[PDB]
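A.B. asks: pasting an experimental structure with its sequence.
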Amino acid sequence: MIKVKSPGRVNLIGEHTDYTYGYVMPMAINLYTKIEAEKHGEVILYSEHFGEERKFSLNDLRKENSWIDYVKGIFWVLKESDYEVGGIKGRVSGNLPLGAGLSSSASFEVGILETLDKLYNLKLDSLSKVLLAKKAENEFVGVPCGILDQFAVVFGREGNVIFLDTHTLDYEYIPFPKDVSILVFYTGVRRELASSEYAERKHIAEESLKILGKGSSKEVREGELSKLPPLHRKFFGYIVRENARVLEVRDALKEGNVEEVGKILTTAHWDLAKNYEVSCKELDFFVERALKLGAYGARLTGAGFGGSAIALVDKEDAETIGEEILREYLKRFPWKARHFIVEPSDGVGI
Ligand SMILES: OC[C@H]1O[C@H](O)[C@H](O)[C@@H](O)[C@H]1O
C-alpha cells in the first residue's frame, strides 16, 4: 500500500493568460486529495467525497460521464504514451473541496498518475507528469484548459509561488512573504455552469493570435490591438495588461513589497470584472469587502463565473476577516460559501 498527497492550487496573478502562452504565477496549497492504494487486476476506487465505489476493467477506458472518467483518462494517456501499467485498488479522500475552483480535477488526476508512477515504478519526470495529466483532461475528459493547474500541483514548493512562462515552460520559484495569509473564499457558486464561457474566451483569444500572426500574447503590445475586431480587442486588451501585471508582481514579491503586490491583484480583479467580463456579483462582493476590512489586495482566482476568490491579508487578521465577510455574505446570497486559510505548499508526493 502507498499513500499519495496531491495538493490543489491557487493562481496569484496571471489569469486567462495560459491559453495564449502568457505568464502565470500559481502556488500549490495545503488542501489535498489523498489516495491510498495497492496493485490490483482491475481499477477499484472508493471516493469519500461521493460515498461510493466505482470500478472498471483495464480493458474498459470508455467514458462513463462520472468522476471515474478522471481516473480512466490517466490510464488512457499512459496507454497512448506507450506505458504498461496494471490496475489499482484504493481509497480517495482528503480536504480539498470539490468544484470550488481550487483544481480538484488537476489534484485528482495528478494524484492518480503519481500513484501509478510509484506502484509501477514508471520513474516519470515532473514535466512529463504535468503534460500527461493535461493531455488526459483535454483529450479524454474533454475539458479545455491550459497548463496552469497541472503545473502548480506538480511543481509547487513550500513557501514559494511559481513564476511560469507557459510558452517556453521556463519557471522560477519566488518566496511568498512571512505572516501574509492567503484567505480563500468559495462563493458556493459552482463555476462549471459557465464552461461554455471559458471555451468562448479561449477560442476568441486563439483567433486573435492568428489575426496578429503571433504565437504568444507575450509578443503582443497594446498598440497592435487596433488590428483586432472590437470584441477580440476588448478581451485581448485584458490579456496584454495581465501579462504585464505578472512581471510587476514578480518584481514586487522579490522585493518583499506586499503592499504593491496587493494593489496589482486588485487592479487585475477589476480588469477581469469589467473588461474580460468573467466575474460575478458574489466574487465582486468578496473583493470589495476584503479591501474595506484591510486586505492588501483581492482577486478572483481561476476561471471566474463563480468558484473562489483570494485575499492577501496579515496572518493574525485572516480568521477575523474571513468570518466577518462570510457572515455578511450569507445574509446576501443563498449559497453554501466557505472560507479557508491556505499557504504555499509542496507539489504532489508521498
Ligand atoms: O487563468 C484561467 C484558468 O482557468 C482554469 O482554471 C484553467 O484550468 C486554467 O488552465 C486557466 O486557464
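C.D. replies: Structure received. Numbering: from 1, shown residues only.
A.B. asks: in space, what's closest to residue 234 - neighbours in sequence excluded?
C.D. replies: Spatial nearest neighbour of residue 234, excluding adjacent residues (CB to CB, 6 or more residues apart in numbering): residue 275 at 6.0 Å. Any C-beta I mention is one placed from the backbone N, CA and C, and that applies to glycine too.
A.B. asks: neighbours of that neighbour, just the number please.
C.D. replies: The tally of other residues near residue 275 (other CB atoms under 10 Å) stands at 16.
A.B. asks: tell me what the helix ranked longest in the chain is packed against?
C.D. replies: Longest helix of the chain, by residue count under DSSP state H: helix 230-254. Judged by 3 or more CB pairs under 8 Å, 6 or more residues apart in numbering; DSSP states H and E, helix 230-254 is in contact with strand 2-13, strand 23-40, strand 160-165, strand 171-175, helix 195-212, helix 258-271.
A.B. asks: just the CA trace of the helix or strand that comes right after the fourth one, in PDB.
C.D. replies: Yep, that's strand 171-175 we're talking about. On the C-terminal side of strand 171-175, the closest following helix or strand by DSSP states H and E is strand 180-186. Only the C-alpha atoms of strand 180-186 are listed here, as PDB (Å, rounded to 0.1, in the frame of the first residue of the first chain):
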ATOM      1  CA  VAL A 180       0.800  37.100   5.000                       C
ATOM      2  CA  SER A 181      -2.000  34.600   4.600                       C
ATOM      3  CA  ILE A 182      -3.900  33.700   1.500                       C
ATOM      4  CA  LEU A 183      -7.600  33.900   2.500                       C
ATOM      5  CA  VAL A 184      -9.600  31.700   0.100                       C
ATOM      6  CA  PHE A 185     -13.300  32.400  -0.200                       C
ATOM      7  CA  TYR A 186     -15.500  29.900  -2.100                       C
END
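A.B. asks: can you tell me what sits against strand 180-186?
C.D. replies: 10, 27, 29, 97, 100-102, 258, 286, 290, 295-296, 301, 307-315, 318, 321-322, 325-326, 337-344 (CB atoms under 8 Å, 6 or more residues apart in numbering).
A.B. asks: of those residues, just the buried ones, PyMOL syntax please.
C.D. replies: Provided next is the PyMOL selection string for whichever of the contacts of strand 180-186 are buried by 16 or more other CB atoms under 10 Å:
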select buried, resi 10+27+29+97+100+101+102+258+286+290+295+296+301+307+308+309+310+311+312+313+318+321+322+325+326+337+339+340+341+342+344
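A.B. asks: so which of the contacts of strand 180-186 sit within helices?
C.D. replies: 258, 286, 290, 318, 321, 322, 325, 326.
A.B. asks: residues near the residue lying closest to the fifth one once chain neighbours are set aside, how many?
C.D. replies: Residue nearest to residue 321 in three dimensions, not counting chain neighbours: residue 293, with 4.7 Å by CB to CB, 6+ apart. Residue 293 is flanked by 18 other residues according to other CB under 10 Å.
A.B. asks: now do residue 293 against residue 78, distance only.
C.D. replies: According to CB to CB, to the nearest Å, residue 293 and residue 78 sit 47 Å apart.
A.B. asks: repeat for residue 70
C.D. replies: With distances taken as CB to CB, residue 70 is found 14 Å from residue 78.
A.B. asks: what residues are up against the residue in the stretch 151-300 of the chain that the ligand sits nearest to?
C.D. replies: Of all residues in the stretch 151-300 of the chain, the one sitting closest to the ligand is residue 198 (6.5 Å; CB to the nearest ligand atom). Applying CB under 8 Å, 6+ apart to residue 198 gives the contacts 144, 303, 305.
A.B. asks: hey, where'd the helices end up in the stretch 1-150 of the chain?
C.D. replies: For the stretch 1-150 of the chain, the helices defined by DSSP state H, counting those that start in this stretch cover 68-80, 104-119, 126-135, 148-155.
A.B. asks: which one of those is the most hemmed in?
C.D. replies: When you average the neighbours per residue for each of those (mean count of other CB atoms under 10 Å), helix 148-155 leads with a mean of 28.
A.B. asks: by contact count, what packs against that one?
C.D. replies: When contacts are defined as 3+ CB pairs under 8 Å, 6+ apart, helix 148-155 packs onto strand 2-13, strand 23-40, helix 104-119, helix 126-135, strand 160-165.
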